[PDB]
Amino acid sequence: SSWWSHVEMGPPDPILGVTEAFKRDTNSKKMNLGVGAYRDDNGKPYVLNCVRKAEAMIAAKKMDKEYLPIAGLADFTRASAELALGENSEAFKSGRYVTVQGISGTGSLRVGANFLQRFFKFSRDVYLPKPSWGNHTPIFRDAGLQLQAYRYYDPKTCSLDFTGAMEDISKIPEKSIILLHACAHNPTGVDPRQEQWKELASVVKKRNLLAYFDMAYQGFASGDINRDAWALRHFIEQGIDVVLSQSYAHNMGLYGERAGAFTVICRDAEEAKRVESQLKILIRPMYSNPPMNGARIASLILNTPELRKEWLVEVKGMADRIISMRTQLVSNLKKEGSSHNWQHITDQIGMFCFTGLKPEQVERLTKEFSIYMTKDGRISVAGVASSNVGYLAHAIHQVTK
């Protein structure tokens, strides 16, 4: 009986733990369809061309590694704001925003969570969509806020239950906080339609709710970055001052370098200044200043015309491939003779498919075929390659037959 005799065995992360389990299997045909990580058509980690050139630029310049200001790389901070808001945006033009480099999406989310905990005097409730990325709970819960829920997904119909959402949302207490996924909702792969978004705006505005946008997949919903930032831009434009978290982990394939940002849209550039002051203060006693590599790479691509353009081509490339894989998946299922309707697989967008498989099926999949996915039936289509869509489909079928 020492200091930690009492500390119990905590369980493995529902998402990140799949990769740990996957790592150990000896099956040569194994597939890691758990975390949303882009794999190229060979089924290999893919580092974009533009990322590769960004890094070379950095190398060549023989840059130092001195500490970055607490808020991050100005150039990256400003270009991230700009990427979300759009260059024409009044918010951006007027400087009514504060963007701070964050430790990827998760890092940004928690900074905001912490910021709200401290400065959002109107409420302690955060409404998450049913269902949501498992991690939104703990992120909010550890920061000190309460979690609530709003209906979103209709499993019966494999789509968004708009009526349920609107009902739930029209009733959230005023001045509460609502978390919205900007695009490629995780894990359903179903976003509201633009008409739909417009109706949500109204209710949010009307109920005077703080809209918190989680934008982890800008460019993976349509394959177009501006198109994917529509909702977000629409709300700001309707006069809704949101807070936002951005991740460059998927769209730039910067996973491990941890590049991201957290933004608050304020009333004036002077409020923006005061909020920045306080955000610095929160970040300081947390990690002091942020990791420079991801931010340097992203800044160079973003601010370098030829780089940026290459990047957009590369993003289309990625989404495209994901599409082909959905398609094929479905085809192979029919080929295999599957009786089930697998239309949701091609209807869903972003990196995954919310399959509907029950936990007994998931289990079999891992054990008989060594195909790893989250227990909720969510699979990452992002990680399928031409060489194993066949295998995937056959398995799905066997376990479903």
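Position 1 is the first residue in the sequence shown; the rest follow in order.
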Query raised in the report: Hey, which bit's got the bigger mean C-alpha B factor in the entry, 244 to 252 or 263 to 271?
Result: 263 to 271
Report summary line: With B-factors read from the PDB entry, the higher C-alpha mean of 126 to 134 and 201 to 209 is in 201 to 209
Report summary line: Per the deposited entry, the peak Cα B-factor within the set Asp214, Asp191, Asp154, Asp228 goes to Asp154
Query raised in the report: Quick one: which of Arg118, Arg78, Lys175, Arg326 has the biggest Cα B-factor according to the entry?
Result: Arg78
Report task. Relative to the other modelled residues of the same chain, rank the CA B-factor of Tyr287 and answer lowest, middle or highest third. Result -> lowest
**Report entry** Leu85 by Cα B-factor - lowest, middle or highest third of the modelled chain
**Finding:** highest
Query raised in the report: Hey, what third does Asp40 fall into on Cα B-factor, ranked over its chain?
Result: middle
Report task. Just say lowest, middle or highest third for the CA B-factor of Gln348 relative to the other modelled residues in its chain. Result -> lowest
Query - Chain-wide C-alpha B factor ranking for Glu237, given as lowest, middle or highest third - result: highest
